[PDB]
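Have a look at the structure below before the remarks.
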Amino acid sequence: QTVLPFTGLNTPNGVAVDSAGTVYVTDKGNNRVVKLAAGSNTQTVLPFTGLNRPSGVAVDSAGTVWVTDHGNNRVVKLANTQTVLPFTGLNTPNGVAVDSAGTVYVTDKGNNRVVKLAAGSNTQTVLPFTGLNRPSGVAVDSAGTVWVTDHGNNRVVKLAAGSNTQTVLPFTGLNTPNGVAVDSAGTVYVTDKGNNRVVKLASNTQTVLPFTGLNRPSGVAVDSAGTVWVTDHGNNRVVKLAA
């Protein structure tokens with residue numbers, strides 16, 4: 001593993017990576033989002049304003065950055081105009097994901113639900129998950145399958161594309177799973193926050209990734225080359241492992 005050269009992070013939560021290898025991190029305790037260009041030593045604070053304990057971050061292929069502004073019950077995006085997305089009724093939203101169509105998915109953690117907003121729409125859809133308990137991370141693959149970490153229930157669930165009912169993924173021994181990412185090949189990675197580890201599922205037999213010294217890992221992201229980035233929330237750092 002290598003430790004990325006961020007400085008002064010305070011409980012980093014979410015992480016996202018784009019196709020040029022730029023890494024974006026929500027610096028939750030400093031109310032800011034920072035980024036590192038590939039191979040750079042200086043981080044840049046993005047011109048978001050008014051953030052309060054931001055949690056999740058996602059980036060689309062057009063370089064637009066979406067952040068769940070947890071403490072303000074809202075989702076904001078940056079194209080340098082910041083705009084607030086027209087979600088309604090959110091309660092401490094935390095995970096965010098965006099598909100190729102520009103559809104934004106949010107885990108509405110305080111309301112035990114997952115909602116989505118189609119691009120340029122004033123229509124919020126509640127996804128038909130059931131029995132969720134503080135859902136925390138969300139990922140969506142190219143086929144439209146949605147994965148959610150059901151933090152409070154120590155499980156990961158998914159709604160297969162076109163399905164009306166969720167399935168529980170065959171992970172074993174999770175303790176408050178927090179972040180989820182899915183690569184091009186359908187491999188799912190989950191930060192098992194309460195066990196200080198990152199696991200993955202290609203299969204019903206999971207693997208533990210060979211990170212060392214994690215302390216409540218939170219966010220996870222994977223790039224097109226299979227490199228895995230994890231916010232090591234308890235150690236105020238971001239670490240990565242190449243494939």
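Chain labels A, B, ... are given in the sequence in which chains occur in the structure tokens; within each chain residues are numbered consecutively from 1, and ligands are likewise numbered from 1 in the order shown.
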Go through segment 4-80 of chain A residue by residue and, counting only C-alpha atoms, keep those with an atom at most 12 Å from segment 109-120 of chain A; for each kept residue give the shortest atom pair and its distance in Å to one decimal, ordered by chain and increasing number, as a Markdown table.
| residue | atom | partner | partner_atom | distance |
| --- | --- | --- | --- | --- |
| A:55 | CA | A:109 | CA | 11.2 |
| A:56 | CA | A:109 | CA | 11.7 |
| A:68 | CA | A:109 | CA | 11.0 |
| A:70 | CA | A:109 | CA | 9.4 |
| A:71 | CA | A:110 | CA | 11.2 |
| A:73 | CA | A:110 | CA | 9.6 |
| A:75 | CA | A:117 | CA | 10.9 |
Would you return as a ChimeraX atom specification the members of segment 41-179 of chain A that DSSP assigns to strand (DSSP E) on this structure's backbone? /A:44-45,57-59,65-69,74-78,82-84,96-98,104-108,113-117,124-126,135-140,146-150,155-159,167-168,177-179
Need to verify the contact set: residue 31 of chain A, 7 Å, only C-alpha atoms, exclusion of same-chain residues closer than 3 positions in sequence. Can you return it as a PDB file with C-alpha atoms, in the first residue's frame?
ATOM      1  CA  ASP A  27     -12.596  16.040   4.483  1.00  0.00           C
ATOM      2  CA  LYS A  28     -15.543  15.708   6.827  1.00  0.00           C
ATOM      3  CA  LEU A  51     -20.549  22.620   3.497  1.00  0.00           C
ATOM      4  CA  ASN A  52     -21.277  21.075   6.886  1.00  0.00           C
ATOM      5  CA  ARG A  53     -19.704  17.671   7.636  1.00  0.00           C
ATOM      6  CA  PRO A  54     -19.684  16.516   3.974  1.00  0.00           C
TER       7      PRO A  54
END
List as a PDB file with C-alpha atoms, in the first residue's frame the protein and nucleic acid residues near segment 121-138 of chain A, meaning an atom at most 9 Å away when only C-alpha atoms are counted, but skip any in the same chain fewer than 5 places from it.
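Written output follows (out-v9.pdb):
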ATOM      1  CA  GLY A  56     -19.932  11.196   0.085  1.00  0.00           C
ATOM      2  CA  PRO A  86     -33.573  19.174  -6.065  1.00  0.00           C
ATOM      3  CA  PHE A  87     -33.786  16.273  -3.644  1.00  0.00           C
ATOM      4  CA  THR A  88     -36.445  16.609  -0.984  1.00  0.00           C
ATOM      5  CA  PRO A  93     -27.619  11.787   3.453  1.00  0.00           C
ATOM      6  CA  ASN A  94     -24.329  10.069   3.184  1.00  0.00           C
ATOM      7  CA  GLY A  95     -23.408   7.956   0.146  1.00  0.00           C
ATOM      8  CA  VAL A  96     -23.695   9.255  -3.400  1.00  0.00           C
ATOM      9  CA  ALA A  97     -23.176   7.645  -6.812  1.00  0.00           C
ATOM     10  CA  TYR A 105     -28.311   7.973  -6.284  1.00  0.00           C
ATOM     11  CA  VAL A 106     -28.184   8.971  -2.590  1.00  0.00           C
ATOM     12  CA  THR A 107     -28.407   6.881   0.588  1.00  0.00           C
ATOM     13  CA  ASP A 108     -30.831   8.859   2.774  1.00  0.00           C
ATOM     14  CA  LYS A 109     -29.303   7.485   5.929  1.00  0.00           C
ATOM     15  CA  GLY A 110     -31.546   9.169   8.519  1.00  0.00           C
ATOM     16  CA  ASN A 111     -34.659   7.965   6.670  1.00  0.00           C
ATOM     17  CA  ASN A 112     -33.511   4.361   6.026  1.00  0.00           C
ATOM     18  CA  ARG A 113     -34.038   4.680   2.276  1.00  0.00           C
ATOM     19  CA  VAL A 114     -32.194   5.100  -1.034  1.00  0.00           C
ATOM     20  CA  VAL A 115     -33.415   7.719  -3.513  1.00  0.00           C
ATOM     21  CA  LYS A 116     -32.493   8.612  -7.066  1.00  0.00           C
ATOM     22  CA  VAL A 146     -27.440  -0.671  -7.314  1.00  0.00           C
ATOM     23  CA  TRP A 147     -25.429  -1.872  -4.298  1.00  0.00           C
ATOM     24  CA  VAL A 148     -26.036  -0.433  -0.834  1.00  0.00           C
ATOM     25  CA  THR A 149     -24.221  -0.996   2.442  1.00  0.00           C
ATOM     26  CA  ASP A 150     -26.919  -1.607   5.069  1.00  0.00           C
ATOM     27  CA  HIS A 151     -24.665  -0.420   7.858  1.00  0.00           C
ATOM     28  CA  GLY A 152     -26.901  -1.102  10.837  1.00  0.00           C
ATOM     29  CA  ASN A 153     -27.760  -4.624   9.691  1.00  0.00           C
ATOM     30  CA  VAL A 157     -27.821  -5.549  -0.416  1.00  0.00           C
ATOM     31  CA  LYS A 158     -28.384  -4.944  -4.097  1.00  0.00           C
ATOM     32  CA  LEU A 159     -31.198  -4.304  -6.557  1.00  0.00           C
ATOM     33  CA  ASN A 164     -38.381  -5.522  -7.891  1.00  0.00           C
ATOM     34  CA  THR A 165     -36.803  -7.046  -4.741  1.00  0.00           C
ATOM     35  CA  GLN A 166     -33.344  -6.804  -3.171  1.00  0.00           C
ATOM     36  CA  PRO A 177     -19.963  -2.064   6.451  1.00  0.00           C
ATOM     37  CA  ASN A 178     -19.691   1.523   5.308  1.00  0.00           C
ATOM     38  CA  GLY A 179     -18.376   2.057   1.759  1.00  0.00           C
ATOM     39  CA  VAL A 180     -18.978   0.065  -1.420  1.00  0.00           C
ATOM     40  CA  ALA A 181     -17.435   0.181  -4.905  1.00  0.00           C
ATOM     41  CA  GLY A 219     -14.858   5.313   1.726  1.00  0.00           C
TER      42      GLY A 219
END
As a VMD selection string, please: the residues near residue 9 of chain A (cut-off 12 Å, only C-alpha atoms, same-chain neighbours under 2 positions excluded). chain A and resid 4 to 7 11 to 14 25 to 35 43 45 231 to 238
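For the pair atom CA of residue 39 of chain A and atom CA of residue 198 of chain A, the interatomic distance is 24.5 Å.
With only C-alpha atoms as the atoms that count, the minimum distance from residue 167 of chain A to the choices A:77, A:184, A:145, A:24 is reached by A:145.
Put simply, atom CA of residue 18 of chain A is 6.5 Å away from atom CA of residue 59 of chain A.
The shortest atom-to-atom distance to residue 227 of chain A, with only C-alpha atoms taken into account, belongs to A:1 out of A:100, A:81, A:175, A:1.
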Of A:172, A:2, A:64, A:218, the one sitting nearest residue 191 of chain A when using only C-alpha atoms is A:218
